[PDB]
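Enquirer: With the input below, show me the fold.
(chains A, B, C, D, E and F, ligands or ions: 14)
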Amino acid sequence: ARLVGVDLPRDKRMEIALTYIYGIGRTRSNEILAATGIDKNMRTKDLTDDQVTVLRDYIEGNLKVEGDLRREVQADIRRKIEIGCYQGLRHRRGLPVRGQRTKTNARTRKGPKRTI
Amino acid sequence: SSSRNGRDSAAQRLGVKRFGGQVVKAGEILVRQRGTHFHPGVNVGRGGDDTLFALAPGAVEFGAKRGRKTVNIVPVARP
Amino acid sequence: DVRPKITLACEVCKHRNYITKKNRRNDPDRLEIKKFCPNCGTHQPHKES
Amino acid sequence: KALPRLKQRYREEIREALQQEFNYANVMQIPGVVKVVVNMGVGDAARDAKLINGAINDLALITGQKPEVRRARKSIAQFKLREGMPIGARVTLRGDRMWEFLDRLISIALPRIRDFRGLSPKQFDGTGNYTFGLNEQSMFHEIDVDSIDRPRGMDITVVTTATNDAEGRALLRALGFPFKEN
Amino acid sequence: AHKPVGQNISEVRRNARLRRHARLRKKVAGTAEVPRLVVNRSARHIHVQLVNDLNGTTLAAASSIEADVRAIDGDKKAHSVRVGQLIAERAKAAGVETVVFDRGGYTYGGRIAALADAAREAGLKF
RNA sequence: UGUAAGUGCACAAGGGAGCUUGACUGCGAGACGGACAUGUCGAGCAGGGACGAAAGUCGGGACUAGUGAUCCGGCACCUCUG
Ligand SMILES: [Mg+2]
Ligand SMILES: [Mg+2]
Ligand SMILES: [Mg+2]
Ligand SMILES: [Mg+2]
Ligand SMILES: [Mg+2]
Ligand SMILES: [Mg+2]
Ligand SMILES: [Mg+2]
Ligand SMILES: [Mg+2]
Ligand SMILES: [Mg+2]
Ligand SMILES: [Mg+2]
Ligand SMILES: [Mg+2]
Ligand SMILES: [Mg+2]
Ligand SMILES: [Mg+2]
Ligand SMILES: [Zn+2]
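Expert: Numbers count the residues shown, from 1 in each chain, chains lettered A, B, ... in the order given. Ligands and ions are numbered 1, 2, ... in the order given. Structure as follows:
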């Protein structure tokens, strides 16, 4: 199915179909399905339009997903890079901010390996 | 040492051909000029190659019209 | 050659009368224009050979 | 058997308000709105021309009249732009469409911009006309947030009959543009 | 102490009209045996004149300003038709048959079209 | 203002738009300069067209360079001959 401009899987459980939404995850999906009362093992062929609409209304009322989340994360990024914070400098240099072992780790952030 | 110059084209014998006060026979060539150095007047047509000629017999009579060098042909009275 | 010489032929009487040039690269397709054929006496479509 | 509310306001109260406030000679020296222009400068047409279609669709939806494309009159190498390509679209309206668009803008769009602090009065050109730009387009209700792919700014220009800055400023301020205080 | 800043619609219109009228005049001319018919269009009336360019003098003219034309109940298109057949009759009385049109720059259609059809019906060759 | 210069073009020959192949056939009154042949323009007639209501324009490209005799031979058609 489709929801908030996101194409749900052709055949997959709703606990992962909702997970695939940017603003919803594994335990969040578990919590929303528990609150709604919908069993979590059913496949993507058994959904109904009214349930999708009510779920959309609930999630939009009690959460922000996708574009709003991305733009507010980027807003945080630009404000922290403008205020001259340590996190801003770390973003400028392209490194994790917690201060991990960048000597050897942080390969995921720095991306591929280049030989000098 | 040498020179790469020394080449030239031919000449086209351009220029005015008939003057004022001339009895011009029908269809005669009046002026052979390159650009639009002259503009047609009354009973005067312009050819493909910017050539000015006469359409009816008469006498050549130059003139001007609103900042132009004009060509006109006067229908001299029949004796 | 870029500019080959082509000939136009009438459709009903089958006489080759007019010849012109074209760009095969620009117009790979054949031409279809209406000219005057003398024996036929009226405008007719012309297709190049 | 209809009339825009903004047009009403203007022809009923604003006209004589300005007339009495400025002591004009006759009853038709009072400035009035002329037209309004909407356009954008993308510059990415040289790399891709699909986003032009999207921009056209957004303009058609927001205004309701199919825009027009504009070419480039000057080919430039160091910007890798040559003559003939389209880069941007321009839209201009007249009359009741201005009235409705201005109503919708003043009533919905302006309060909705994140971190809205007002408009600088010094955006004029000295002849009594206004024009300013935006960095985003999702604020408008007519466009759904789900269907946008990239963020696009826009520029808005309004031209009136004001002789100079003073008359246009007074007229538009009576209209109620949220300016600053300096 | 008010200074207009921009050119006015009246002058945009007048200059454009004059320019296009000159454009057409560049090709259209007239002569004694074939007098030229000129039309001047207004928002409230219509004018037509016959002019011989050789001497710069007119032969006949008419316009909707006249009381008889004004009295017609029909539309101003009907007024144009009326003045058209009136000028046709006046020209026939004058003794000229072949004429040409000077549209004056105004795009053909509407009033000009109706006037042209009325003339063609009246019996003028052109 | 395709292609160098000059002569011109702000009324356009600059650009935009609708339609369409006259980049036709049969003709040519007279001139242009030339030792020779090569080169240039042309009003107007008929057939049948194009554009435009009409008046009206159209025998390629705003103009001047983009080319080559004789002989021999090939191809289509012809109310010539044999
Ligand atoms: Mg050389
Ligand atoms: Mg020389
Ligand atoms: Mg030519
Ligand atoms: Mg093509
Ligand atoms: Mg202004
Ligand atoms: Mg043009
Ligand atoms: Mg040829
Ligand atoms: Mg001869
Ligand atoms: Mg004919
Ligand atoms: Mg001819
Ligand atoms: Mg030509
Ligand atoms: Mg041309
Ligand atoms: Mg030999
Ligand atoms: Zn044929």
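Enquirer: Off-centre distance for the strand or helix carrying residue E:39?
Expert: Using DSSP states H and E, residue E:39 falls within strand E:36-41. Relative to the chain's own centre, strand E:36-41 is displaced by 2 Å; criterion: Cα atoms, centre = their mean, to the nearest Å.
Enquirer: center of chain E - which residue?
Expert: Nearest residue to the geometric centre of chain E (Cα atoms, centre = their mean): residue E:39, 1.0 Å.
Enquirer: returning to what we had before: can you tell me the strand partners of the strand holding residue E:39 and which way each runs?
Expert: Partners of strand E:36-41 in the sheet, by DSSP bridges, are strand E:46-52 (antiparallel), strand E:100-102 (parallel).
Enquirer: Let me see the ranges of the strands in chain C.
Expert: Taking DSSP state E as the test, the strands found in chain C are C:5-10, C:16-21, C:32-36, C:43-48.
Enquirer: What pairs with the shortest one, parallel or antiparallel?
Expert: Using DSSP bridges, the strands paired with strand C:32-36 are strand C:43-48 (antiparallel).
Enquirer: and the angle for the strand it pairs with with strand C:5-10?
Expert: Put simply, strand C:43-48 runs at 140 degrees to strand C:5-10, going by axes from the mean of the first three to the mean of the last three Cα atoms, to 10 degrees.
Enquirer: how close does the nearest residue to residue E:110 once chain neighbours are set aside get to residue E:64?
Expert: Ranked by Cβ to Cβ, 6 or more residues apart in numbering or on different chains and with sequence neighbours excluded, the top spatial neighbour of residue E:110 is residue E:77, at 7.5 Å. No exception for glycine: its C-beta is placed from N, CA and C like everyone else's. With distances taken as Cβ to Cβ, to the nearest Å, residue E:77 is found 11 Å from residue E:64.
Enquirer: what do you get for residue A:32?
Expert: Separation of residue A:32 from residue E:64 (Cβ to Cβ) stands at 80 Å.
Enquirer: tell me the contacts of the nearest residue to residue D:5 once chain neighbours are set aside?
Expert: Nearest residue to residue D:5, sequence neighbours excluded (Cβ to Cβ, 6+ apart): residue D:103, at 6.5 Å. For residue D:103, the residues meeting the contact criterion (Cβ atoms under 8 Å, 6 or more residues apart in numbering or on different chains) are D:4-6.
Enquirer: Specify the local secondary structure of the residue nearest the centre of chain B.
Expert: Most central in chain B under Cα atoms, centre = their mean is residue B:31, positioned 1.7 Å from the mean C-alpha point. Secondary structure state of residue B:31, per DSSP: H, G, I helix; E, B strand; the rest coil, is strand.
Enquirer: hang on, it packs against residue B:18?
Expert: Yes. Assessed by Cβ atoms under 8 Å, residue B:31 is found in contact with residue B:18 at 7.4 Å.
Enquirer: Kindly provide the distance from the residue in chain D positioned nearest to chain A to residue D:48.
Expert: Minimum separation of chain D from chain A (Cβ to the nearest Cβ) falls at residue D:146, amounting to 3.6 Å. Residue D:146 sits 22 Å away from residue D:48, going by Cβ to Cβ.
Enquirer: same deal with residue D:73?
Expert: For residue D:73, the distance to residue D:48 - Cβ to Cβ - is 22 Å.
Enquirer: same check, this time on residue D:77
Expert: Distance, residue D:77 to residue D:48, using Cβ to Cβ: 20 Å.
Enquirer: Residue B:46 now?
Expert: From residue B:46 to residue D:48 the distance is 52 Å (Cβ to Cβ).
Enquirer: When those two are compared, which one has more neighbours?
Expert: Taking neighbours as other Cβ atoms under 10 Å in any protein chain shown, residue B:46 and residue D:48 compare with residue B:46 leading, 15 against 9.
Enquirer: Now that one. Nearest residue, chain neighbours left out?
Expert: residue B:40 (5.2 Å).
Enquirer: Test my guess that residue D:60 contacts residue D:54.
Expert: No. Using Cβ under 8 Å, residue D:60 makes no contact with residue D:54, being 10.7 Å away.
Enquirer: how far does stretch B:32-45 sit from the chain's center?
Expert: 6 Å.
Enquirer: Quick check: buried residues in it?
Expert: Buried residues in stretch B:32-45, counted by 16 or more other Cβ atoms under 10 Å in any protein chain shown: B:32-33, B:38, B:40-41, B:44.
Enquirer: Helices along the chain, start to end?
Expert: By default, I'm working from chain A. Using DSSP state H, the helices of chain A run over residues A:14-17, A:26-36, A:49-62, A:67-82, A:86-93, A:107-110.
Enquirer: You answered for a different chain; I wanted chain E.
Expert: E:9-27, E:67-70, E:76-94, E:111-122.
Enquirer: With distance to residue A:113 and mean neighbour count added, can I get the ones you listed in TSV?
Expert: Formatted as TSV, the helices of chain E follow (distance: least, Cβ to Cβ, whole Å; neighbours: other Cβ atoms under 10 Å in any protein chain shown):
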stretch	distance to residue A:113	mean neighbour count
helix E:9-27	69	11
helix E:67-70	95	12
helix E:76-94	85	19
helix E:111-122	81	17
